[PDB]
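Coming up, as structure tokens: structure 1 and structure 2, two forms of one and the same protein chain.
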Structure 1
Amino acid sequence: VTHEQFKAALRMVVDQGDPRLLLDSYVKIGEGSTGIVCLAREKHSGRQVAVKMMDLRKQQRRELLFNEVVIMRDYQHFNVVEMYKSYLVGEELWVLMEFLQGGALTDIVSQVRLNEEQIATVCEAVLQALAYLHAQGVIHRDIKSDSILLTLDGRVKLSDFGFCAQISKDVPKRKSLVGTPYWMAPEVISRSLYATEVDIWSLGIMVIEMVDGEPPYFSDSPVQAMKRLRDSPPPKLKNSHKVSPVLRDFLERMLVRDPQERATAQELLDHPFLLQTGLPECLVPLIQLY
């Protein structure tokens, strides 16, 4: 797919309009090998946005940018980092995103072992996002601690939709090997037909991150880890002694090989473990420390 064909594809799906007339008060806050990020203000609402300005001539895996724009433009949820607009601006794609300042969950969970109230607070938020996305037929496919972003006031939001997919009556299952090795569901690794259940497995691995500090098999090569995950009974907590019977049960609903037996996001929202959910404030001191 040439640069010219990709622009043509994007032209069909992006918002109309030219953000060079619509935004102001730009401040460069980031840069990468394929673009920059600027904070800016939307003129009539005053809203602050983070504008990813992607040089499509340098960008690779351009199909992922297309898929995220096409899929996520029409979904919104309080626990999902919102994509307000996307625009084709000459040779670049500008994507206007909700701006958050509390870092990523990994910043904290790499350093500290969350208590069960904190774990419940995080899981309840991610599960509200997933229950909404799954009901829409969206599969995230890259759930892991660093896909979870936080606000300074302790709100928990899901981000990093690069690998997302949309299922439909017509195409009800995916079979692509996508995601991040240590968090991939066994059926993804085996390239079986799969649907929204894979995000629940990944969430289970994230719970292990929260309790233990790292996912299973983390010292193995990513290829070796995938082989063990593909073949083996589900991985267990290293710190199993730490965890309440109710949290053990919650985790055991997630890390289930048989995707039909595995819990759905809605089942997990209804689980007694989430009776332990705290106020956003329960994360705020940690977010400030890390």
Structure 2
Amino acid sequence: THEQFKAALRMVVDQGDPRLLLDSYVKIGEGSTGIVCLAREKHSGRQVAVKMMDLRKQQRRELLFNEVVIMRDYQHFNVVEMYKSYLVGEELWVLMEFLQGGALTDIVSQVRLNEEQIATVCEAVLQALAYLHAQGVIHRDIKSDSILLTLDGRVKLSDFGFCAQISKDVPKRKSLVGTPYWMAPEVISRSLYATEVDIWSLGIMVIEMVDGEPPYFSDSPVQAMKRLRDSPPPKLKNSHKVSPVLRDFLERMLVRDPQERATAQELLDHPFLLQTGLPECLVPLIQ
């Protein structure tokens, strides 16, 4: 029942009503589970982003635990910070850092990144993934929308709602979870899978950074999923434009066999990442 689920969720959040510890609430966007408001912490004056999501209105309410548990448990230089979380009425509120550089999706819809910029983004995402994968966390929703930027070009992985924490008793999942165009073939097939699915989704995000959109984006989501499931691996449209070293980097991610697919640790050691830039190199994309 709703109250039973609410009581369980309550075990993982900070205690109390946060409404009087915040002011200046302004709605700044919406997302799949709810809204995001900017607000100000009275005690400190710190501006925070607050995700607000109704426990009754979700597709799969159990995934609300991920909104809190993952950032509670896991911290990293390239992972968004959570400050506090609360239950307010029938809503879960999660207080997060406000990243003012926006999402990578809003850059790639405008311009193509150069290779130094692609390597900078990939190195940051791979450091977060190597760390999360080592802890048994599968993200399951890697795509440019999940990548947020600070004003000085620091890259942070966000959107942990679809996460799976695997364990010794259930070391693999088989659920159909993700965003269609970025889902690995083994996820679409409902085969047992683990961390490798995030490497395939990162390869689709590299295609977004080179081409502007993922493969099959003119198809409906189900039709794209059928093509990803059955067809040979997708290619860059702009394959002619990229270095041999970048092409090799991407080829090692978009591999159908999940065992042969590169791990995050393997990719961190790839020569493509020898020419990663400084955070500053992304700042021209945000101004």
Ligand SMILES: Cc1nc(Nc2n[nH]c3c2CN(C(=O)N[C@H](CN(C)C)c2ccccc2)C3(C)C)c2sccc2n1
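All residue numbers here follow the sequence of structure 1, with the first residue given the number 1. Rigid core: the largest C-alpha set superposing within 1.5 Å between the two forms.
- Source of structure 2: the form solved in complex with this ligand.
- When the two forms are overlaid on the rigid core, CA displacement between the two structures of 2 Å or more is confined, within 132, 182, 194, 87, to 87.
- Annotation for residue 71: C-alpha shift of 2 angstroms or more between the two structures, rigid core superposed.
- Residue 258 is not among the residues whose C-alpha shifts by 2 Å or more between the two structures once the rigid core is aligned; its shift stays under 2 Å.
- With a cut-off of 2 Å and the rigid core superposed, residue 224 has a Cα displacement that falls short of the cut-off between the two structures.
- Superposing the two forms on their core, we find that the Cα atom of residue 29 is displaced by 5.2 Å between the two structures.
- Its Cα shifted by 1.2 Å between the two structures, residue 10 is reported here after superposition on the rigid core.
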